[PDB]
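# Topology and contacts: notes
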Number of protein chains: 10
Amino acid sequence: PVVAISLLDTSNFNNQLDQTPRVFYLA
Amino acid sequence: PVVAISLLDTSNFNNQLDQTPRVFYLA
Amino acid sequence: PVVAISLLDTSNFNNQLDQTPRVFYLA
Amino acid sequence: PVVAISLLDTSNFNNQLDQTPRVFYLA
Amino acid sequence: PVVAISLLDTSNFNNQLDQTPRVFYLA
Amino acid sequence: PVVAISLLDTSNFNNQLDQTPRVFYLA
Amino acid sequence: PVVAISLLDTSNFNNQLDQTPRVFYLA
Amino acid sequence: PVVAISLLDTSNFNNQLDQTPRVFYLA
Amino acid sequence: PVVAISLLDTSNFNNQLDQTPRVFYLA
Amino acid sequence: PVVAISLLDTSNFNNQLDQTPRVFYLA
């Protein structure tokens, strides 16, 4: 009976990318 | 009976991208 | 009986993109 | 009865990328 | 009965990449 | 002068998802 | 002068997902 | 002068996922 | 002058996943 | 002058995963 062909291609989830640089160009 | 062909292509969810730089160009 | 062919292509949901830079160009 | 062919290709989840440099260019 | 062919290709999860350099270019 | 803060969150492009099953339920 | 803060979060592109099963339920 | 802070979080590209099972349930 | 802080977190590219089982349930 | 801080976290590329079992359940 039960036949289950599954293809789960997930990516890029539940992730936090924090880019908070501090550049002080004092000419 | 039950035949289930599934193709789940999910991406880019439940993720926070915080880009809060601080640039101080003091000429 | 039951035959279920499913193709779920979801993307870019439930995600917050915060871009709040602070640029201080003091000529 | 039960036959289950599964192909799960997940990547890049539940990971935090913190890039917070501090550059002090004092000319 | 039960036949289960599974192919799980996961990568790059639950890992934190902290790059916080401090560069002091004092010309 | 030139200060460029960019945040490009792109996903799910230039990819073909072909689901062409063949089910023969010969009761 | 040139300061470039960039955050490119791309995913799921230029990839083909072919799911072409053949199921013969000859009851 | 040139200061370049870059964060490239790419994943899941240029890869083909072929799932072509052959199931013969000859009851 | 040139200061380049880069963080390249790439994964899961240019790889083929072929799952082509052959199941013969001859009841 | 040239200062280059780089962090390249790559994984899971240019690799083929072939799973082609042959199961003969001759009940």
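What counts, and at which threshold
- Residues numbered from 1 in each chain as written, not as in the entry; some residues may be left out.
- Chains lettered and ligands numbered in written order.
- Heavy atoms only, no water.
- Helix = DSSP H or I, 4+ residues; strand = E, 2+ residues; numbered from the N terminus.
- Contact = heavy atoms within 4.5 Å.
- Buried area = accessible area lost by both parts, 1.4 Å probe.
- Nonpolar A, V, L, I, M, F, W, Y, C, P; charged D, E, K, R; others polar.
- Pairing = 2+ DSSP bridges.
- Axes fitted to C-alpha atoms, helices over the stretch in contact; angles between N-to-C directions.
- Polar contact = N/O pair within 3.5 Å; in protein donor to acceptor, adjacent residues only side chain to side chain.
- Buried < 20%, exposed > 50% of the residue type's maximum accessible area, 1.4 Å probe, protein only.

The record names cryo-EM as the way this model was obtained, at a resolution of 3.41 Å.

Mapped onto the elements, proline 1 of chain C comes out in the segment before β1 (3-8). Apart from the residues within four sequence positions on either side, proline 1 of chain C is in contact with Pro1 of chain B together with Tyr25 of chain F.

Attention shifts here to the interface of chain B and chain A. The extent of an interface is frequently quoted as the accessible surface area lost upon association of the parts. Between chain B and chain A, the residue contacts involve 27 residues of the former and 27 residues of the latter. Here chain B packs against chain A, burying approximately 2,300 Å² in sum over the two surfaces, 48% of which is carbon and sulfur. Secondary-structure elements contributing two or more residues to the side of chain B that touches chain A are β1 (3-8), β2 (11-13), β3 (17-19) and β4 (22-26) of chain B. Looking at which element gives the most residues to the side of chain B that touches chain A, the answer is β1 of chain B, with 6 residues. Looking at the side of chain B that touches chain A, its residues break down into 15 nonpolar, 9 polar and 3 charged. Inspection of the sheet shows strand β4 (residues 22-26) of chain A paired to β4 of chain B by 5 bridges, in the parallel sense. Looking across to β4 of chain B, one finds that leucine 26 of chain A is bridged to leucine 26 of chain B.

With that settled, the discussion passes to the sheet that holds strand β1 (residues 3-8) of chain E. Pairing within the open sheet is parallel, and its 5 strands lie in the order β1(C)-β1(B)-β1(A)-β1(D)-β1(E). Each edge of the sheet is formed by a strand with only one pairing partner; in this case those strands are β1 of chain C together with β1 of chain E. Between one strand and the next, the sheet's axes are offset by a mean angle of 0°, whatever the strand orientation. Relative to β1 of chain B, strand β1 (residues 3-8) of chain A is paired through 6 bridges, and the arrangement is parallel. When the bridges of β1 of chain B are listed, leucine 7 of chain A appears paired with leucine 7 of chain B.

Let's shift gears to the sheet that holds β2 of chain B. Taken together, 5 strands build an open sheet; the order of strands is β2(C)-β2(B)-β2(A)-β2(D)-β2(E) and the sheet is parallel. Whereas interior strands pair on both sides, the edge strands pair on one side only; in this sheet they are β2 (11-13) of chain C together with β2 (11-13) of chain E. Neighbour to neighbour, the strand axes of the sheet diverge by 0° on average, direction disregarded. Where strand β2 (residues 11-13) of chain A and β2 of chain B come together, 2 bridges link them in parallel fashion.

Let us now look at the interface of chain I and chain J. With 27 residues of chain I in contact, the opposing surface of chain J contributes 27 residues. Roughly 2,300 Å² is buried in total at the junction of chain I and chain J, and carbon and sulfur atoms are behind 48% of that figure. Between the two partners, chain I and chain J, sit 28 residue pairs in polar contact. Ranked by the residues each element gives to the side of chain I that touches chain J, the list is headed by strand β1 (residues 3-8) of chain I, at 6 residues. Here the side of chain I that touches chain J is composed, by residue class, of 15 nonpolar, 9 polar and 3 charged.

Now for the environment of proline 1 of chain B. Residue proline 1 of chain B is classed as partly exposed on the basis of its relative accessible area, which comes to 27%. Considering only alpha carbons, one finds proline 1 of chain B and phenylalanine 13 of chain B, 12 residues apart in sequence, at a separation of 34 Å. If sequence neighbours within four positions are ignored, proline 1 of chain B has contacts with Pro1 of chain A, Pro1 and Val2 of chain C, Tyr25 of chain F together with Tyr25 of chain G.

We now examine the side chain of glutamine 19 of chain A. Along the chain, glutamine 19 of chain A turns up in strand β3 (residues 17-19). Taking the relative accessible area as the measure of exposure, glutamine 19 of chain A reaches 0% and is therefore buried. Polar side-chain contacts of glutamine 19 of chain A include one of 3.1 Å to the side chain of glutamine 19 of chain D. Apart from the residues lying within four places of it in its own chain, the contact partners of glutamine 19 of chain A are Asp18, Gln19, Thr20 and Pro21 of chain B, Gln19 of chain D, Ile5, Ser6 and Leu7 of chain G together with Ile5, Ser6 and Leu7 of chain H.

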